[PDB]
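Everything below concerns the one structure shown next.
Chains as they are written, first to last, in the entry's author numbering: chain J, 23 to 228, 233 to 600; chain I, 23 to 228, 237 to 600.
Written out as structure tokens, the structure is:
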């Protein structure tokens, strides 16, 4: 209790001394007189906040070496306002003096006070003072006022469309703002109405003869199919007609929609709230869940979502391509060994669903990584046993493309392509437990040597987090007994070294990779020591290097996987 | 409506500005020449560099507004220390700047500097620097290190007998520690010998007001009785004899209150033990954990032989509770055979004699020869036999009928005074409301309740009992009654309070530093008890998270006794 600390009450003592000196009419070093009115404040705090004011007050003239200080060749009102704002830490503005006060604060290099005043003015801006906001922002050129004005425009464009403010606003700026995928919109009809109001008189709307350039900013494929068809029915021959035809073709060819992507088919919404799909939860019975109810660590609470057309599959392989989550196969050995062939792919970005037919693949409980237009499948099993003959397939073309066969038979194992190279580690060839790890690169179409796991575990899948094999621990009876692995370490096979990563609090093989807010979150699996599924998950980031309590899942489940995707504002609206 | 935001890095900016002003060589307003030495510096920076300089030379007095300032007792060492502290922004002591600072601070008339030097010497006190530490302690004798110095002197009295630090050590603190009985000690055999050796020399073992300043009867006499028997005669032996009869007076513990039997400390709170919990949690409460305000949580401890009583009565009569039987049929009847009484004054508990009639959930006042109960009733039904409950004497005798027919009613001593509002004929709401005070044992005249409302939640509002609104099926829905009726004879005016969301029917009454807390309640809409505890302060006009009990029980008795060592240590 004798460590040297840092003084923090010196400023309070200095302010108290300055106030005592000022109240007694002594130690008058800085004096400001405005129209015969005297204002008392502590000059110590004011002179210690910025350097421009200190240099102006004490440049070295005769004013700084006398009881009375005179400022010649300067503006008395601006200097007095700046000094008052710096000393009293308050922004006293009016309906017409807001711009002058903001300019005075900016001249004093006060970011916090100026930003607070600008935010207060924006939040208390009347309709009759609309012209007093844009002009003030243009004249002041504040680093924060422009952003506040842009946010207000983006949030009140709907209200401005009805009023004449939309007409007064620049057309080029409005078009540029609409082009960016950040504006808050509800329906394509509203966007079209806003574009028409920007490109035509508001009174006229309440002229489609001339196709404006800003009309192309509206995403035709993102509109409703019926609405798009109705618009194209009366659409005259023009670039808008071509866009409508392209959108109609994309809608009618939804089977190959991912292969017919266009620059105008981009979404614009959220991106977090990872929503889990599938999986088998022991509580209250072994059934394939079809609801979207997860626990997003970023939000700090359980994720809320509505699963529409969610397939009833457990531990299904999840592959994300073109920002779309696809589920292929999926063993259901929890309720009994039975191979699953039917598979479906969802397209939340396109607001539709696709029934991707799957070919006859002799694999179960296998993970397929879609790298580019081709995919590779590893692990797998025969009809009643495991096998080492791994055959890949391409979901894009439903073709059984040839891939590198597995080095050893894998039972309930997984394999993912790290930096475009499939990796297989641990595993168990039936009763025998495999330990050698082979990283068969899909590009080379052959097996290759890879670094063995730091801990001699079995039935552990291979996952690629941050371009590294972030898998450690594992808990299964294939190691010899139901004994927990007391040694946990992260050995990067790609780098051939024990790269530093976040240690796993619990060891579980075949963990589902889930990245949210740059945090390596792994859940699911079963603990041999506990003799059941693990319902505890921790969301910790090695990069953050912060230890805290991760969100708890709603129920204990196994074989749950998730991926990063853009979520709509409807989920956050509830 | 202006607000003021202060950054946490402004101290560094102020220091940088002061350094820039000092290094500029300009903006000098005060010029002082002392001992023929001429320097240029800022007056504000110089004042802020030191601590006592700002309060001495910048106090706004006549000397602070003069060209020349007179300084007496200021040596070059003090100026060098101030300059070093200003330059390095560090304030600490070392092995080469300890004695010099203490010597130079004696003539500076700075109490803060002397106290800081004494604290630094105490934090760096070794066997080779005993004289310097003693000199620093004598120079300052800070009020914060006095207790530590006294404890160190007492624990090493053998060495302190010949050491000069004993004369400079505090005497009042040592005397207070010696007479104290709550001090942390792992034993009472070697500790007693050490205390005896510290207080008096070994030769004595083998007028003065300080000698009589020790309150032997107030402290624990159980361990000091043997020492006092062999000691000289004193008038403190009467308390030991008086307390001897209290061992065989467990039944009459509240009646045996004595002037020296006052309640030690004011550590009154709510303990999540006792009572019968039926809704909304089907878990029996057994952990007797006491919340620690220093720790902020009720840490678990070894609750060996803890008093486990179920559906026990709750009363506040001079920190002593007396009750007979127990009935909680409104929230679920539960037969129990364990009866416990909370007596923090005696720091002991005993099994009281069970009365013939199980009458409880009423107001018990420590008046007369025994505690009196207002009429009586069975566990859940009214009975034609009227008797008074006397658990202390276990005497079942017929009593006169009460003026108002009340069975299983609710009553408590609010703020140490008995009060009753409206009434209820058990679990069935009635139409006639009469306020009978259990303390007076008579139907005192009061204002008639215009609205048939009862079994509401009562809290401490305007230092008086107040019932506002209510929650029952008499209004036809689960709404709030706009009319609020409160009887405050002492206040003389109605106390406005927010309506109680949960009704309080025959619950335990607890006072914790004039802060009413409600656990459980009555929820007619849910068909069970309240699964959450909420406090609705009228002044706050908002819902705040109060102390959440471990078990959401209703009418759970609170026991105050000696806490476990692990629980006390938190």
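Cβ atoms here follow ideal geometry from the backbone N, Cα and C, with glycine treated the same way.
Where residue i falls: helix, strand or coil (DSSP)
i, result
"residue 182 of chain I", "helix"
"residue 547 of chain I", "coil"
"residue 420 of chain J", "strand"
"residue 140 of chain I", "helix"
"residue 541 of chain J", "strand"
"residue 245 of chain J", "coil"
"residue 451 of chain J", "coil"
Contacting residues, own chain, Cβ-Cβ under 6 Å from residue i (five flanking each side not counted)
i, result
"residue 220 of chain I", "176 and 179"
"residue 490 of chain J", "442 and 444"
"residue 336 of chain I", "318"
"residue 213 of chain I", "207"
"residue 47 of chain I", "62"
"residue 210 of chain I", "253"
"residue 475 of chain J", "none"
"residue 269 of chain J", "246"
"residue 86 of chain J", "80"
Proximity test, Cβ basis, 7 Å: residue i and chain I
i, result
"residue 42 of chain J", "yes"
"residue 111 of chain J", "yes"
"residue 26 of chain J", "yes"
"residue 398 of chain J", "no"
"residue 36 of chain J", "yes"
"residue 101 of chain J", "no"
"residue 51 of chain J", "yes"
"residue 326 of chain J", "no"
"residue 557 of chain J", "no"
Beta-carbon spacing of residue i, residue j below 7 Å
i, j, result
"residue 528 of chain I", "residue 563 of chain I", "no"
"residue 587 of chain I", "residue 342 of chain I", "yes"
"residue 448 of chain J", "residue 480 of chain J", "no"
"residue 549 of chain I", "residue 486 of chain I", "no"
"residue 417 of chain I", "residue 429 of chain I", "yes"
"residue 538 of chain I", "residue 344 of chain I", "yes"
"residue 290 of chain I", "residue 348 of chain I", "no"
"residue 158 of chain I", "residue 140 of chain I", "yes"
"residue 127 of chain I", "residue 97 of chain I", "no"
"residue 306 of chain I", "residue 364 of chain I", "yes"
Closer than 7 Å to chain J by CB, residue i
i, result
"residue 76 of chain I", "yes"
"residue 135 of chain I", "no"
"residue 48 of chain I", "yes"
"residue 175 of chain I", "no"
"residue 33 of chain I", "yes"
"residue 504 of chain I", "no"
"residue 145 of chain I", "yes"
"residue 87 of chain I", "yes"
"residue 66 of chain I", "yes"
"residue 39 of chain I", "yes"
"residue 148 of chain I", "no"
"residue 229 of chain I", "Residue 229 of chain I cannot be located in this model; chain I continues from 228 straight on to 237."
"residue 114 of chain I", "yes"
"residue 80 of chain I", "yes"
Partners in chain C for residue i, counting only beta-carbon separations shorter than 8 Å
i, result
"residue 130 of chain I", "The structure shown contains no chain C; its protein chains are J and I."
Sequence-distant residues of its chain with Cβ nearer than 8 Å to residue i (five each side left out)
i, result
"residue 63 of chain I", "44 and 50"
"residue 532 of chain I", "487, 501, 548, 550, 551, 552, 553, 560 and 564"
"residue 69 of chain I", "75, 76, 79 and 80"
"residue 524 of chain J", "480, 515, 516, 517 and 518"
Own chain residues within Cβ distance below 7 Å of residue i, not counting five before or after
i, result
"residue 600 of chain J", "330"
| request: Pick out the complete beta strand (DSSP E) segments inside the region 73-123 of chain J, 3 residues or longer, and give them in chain order. | output: none
| request: Tell me the start and end of each unbroken alpha helix (DSSP H) in the region 358-407 of chain J that is at least 4 residues and wholly inside, in chain order. | output: none
| said: Extract the residue ranges of the beta strand (DSSP E) inside the region 255-330 of chain J, only unbroken runs of 3 or more that lie entirely within it. | reply: 319-322 and 327-330
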